[PDB]
Amino acid sequence: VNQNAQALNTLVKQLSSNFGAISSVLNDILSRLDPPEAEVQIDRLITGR
Amino acid sequence: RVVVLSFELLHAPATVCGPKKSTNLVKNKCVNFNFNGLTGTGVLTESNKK
Amino acid sequence: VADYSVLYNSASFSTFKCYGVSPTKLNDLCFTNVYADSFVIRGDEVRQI
């Protein structure tokens, strides 16, 4: 059970890492950049996640 | 003359957003909320948290 | 929000080089502090910004 808890816990906490982007929340990138400059950074974030 | 605006994103509250202001609260339902500059989607309910 | 009433960002001046979004679209983006810096440069120093 601890390995299962720690696996789900690591799986959730890695969502908070930026993975080379500006922020981990998509609303901060989508609320600032236009869709064409924004697609490179969102694609880098999705590839990391 | 060159004028640039240096921006810093912090947790301080912003009191002015857009032409529309109130958008009267609707609780106990799934809605798209923007509060103090934090945009998200979730159910708004009352709790006992102090 | 700075000011939505007076917007000269649309074809009112000589030269517009913008990145991201225009001041019209800044109404949906919430930031904390705003520092307006004013300085004068030369003609060949525009490319260095």
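Residues numbered from 1 in each chain as written, not as in the entry; some residues may be left out. Chains lettered and ligands numbered in written order. Part of a larger assembly, values for the part shown. Heavy atoms only, no water.

Method-wise, the PDB entry is recorded as coming from cryo-EM, at a reported resolution of 2.8 Å.

Going by the PDB entry, chain C carries the name Spike glycoprotein,Fibritin and comes from Severe acute respiratory syndrome coronavirus 2.

Chain B is annotated in the PDB entry as Spike glycoprotein,Fibritin from Severe acute respiratory syndrome coronavirus 2.

Colleague: Requested: an account of the layout of surface pockets, with residues and values cited.
Modeller: Residues and elements named next belong to chain B. Each pocket or cavity is described by its volume, and for the second largest pocket that value is around 630 Å³. Residue lining of the second largest pocket: 23 residues in total, with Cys 17, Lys 21, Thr 23, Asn 34 and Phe 35 positioned closest to the centre. Class assignment of the residues belonging to the lining of the second largest pocket gives a composition of 11 nonpolar, nine polar and three charged. (1 Å grid on protein atoms, 1.4 Å probe; cavity = no way out; pocket = protein on both sides within 12 Å on 5 of 7 lines; lining within 4 Å. Points joined across faces, edges and corners; volume = space filled by probe spheres on them. Nonpolar A, V, L, I, M, F, W, Y, C, P; charged D, E, K, R; others polar.)

Colleague: So, helix 1 (residues 2–13) of chain A: which residues are in play, and what are the values?
Modeller: In this model, helix 1 of chain A (12 residues) spans 16 Å end to end at C-alpha, consistent with the 16 Å of a helix rising 1.5 Å per residue. Within helix 1 of chain A, only zero of the 12 residues are buried, which leaves it mostly out in the open. (Helix = DSSP H or I, 4+ residues; strand = E, 2+ residues; numbered from the N terminus. Expected span 1.5 Å × (residues − 1). Buried < 20%, exposed > 50% of the residue type's maximum accessible area, 1.4 Å probe, protein only.)

Colleague: Before we move on, could you go through the interface of chain C and chain A and cite the residues and values that matter?
Modeller: Taken together, the contacts link four residues of chain C with four residues of chain A. Between chain C and chain A, the buried area comes to about 350 Å², and carbon and sulfur atoms account for 51% of it. If you sort the residues of chain C by the area they bury against chain A, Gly20(C), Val21(C) and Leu29(C) come out on top, with a joint share of 85%. In this structure, the connection of chain C to chain A is made through zero salt bridges. Linking chain C to chain A there are zero residue pairs in polar contact. A breakdown of the residues in the side of chain C that touches chain A according to their chemical character gives three nonpolar, one polar and no charged. (Contact = heavy atoms within 4.5 Å. Buried area = accessible area lost by both parts, 1.4 Å probe. Salt bridge = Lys/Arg side-chain N within 4 Å of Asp/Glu carboxyl O. Polar contact = N/O pair within 3.5 Å; in protein donor to acceptor, adjacent residues only side chain to side chain.)

Colleague: Can you lay out the interface of chain B and chain C for me, pointing to particular residues and giving the numbers?
Modeller: On the chain C side, the residues contacting the 17 residues of chain B number 16 residues. Surface buried jointly by chain B and chain C totals about 1600 Å² across both partners, of which 62% is contributed by carbon and sulfur atoms. Where chain B touches chain C, the interface holds zero salt bridges. Counting across the chain B and chain C interface gives seven residue pairs in polar contact. Its residues assigned to classes, the side of chain B that touches chain C comprises 11 nonpolar, four polar and two charged. Of the strand pairs in this sheet, strand 1 (residues 2–8) of chain B and strand 1 (residues 33–39) of chain C are connected by seven bridges, and their pairing is antiparallel. Residue pairing for strand 1 of chain C: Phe7(B) is matched across the bridge by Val34(C). (Pairing = 2+ DSSP bridges.)

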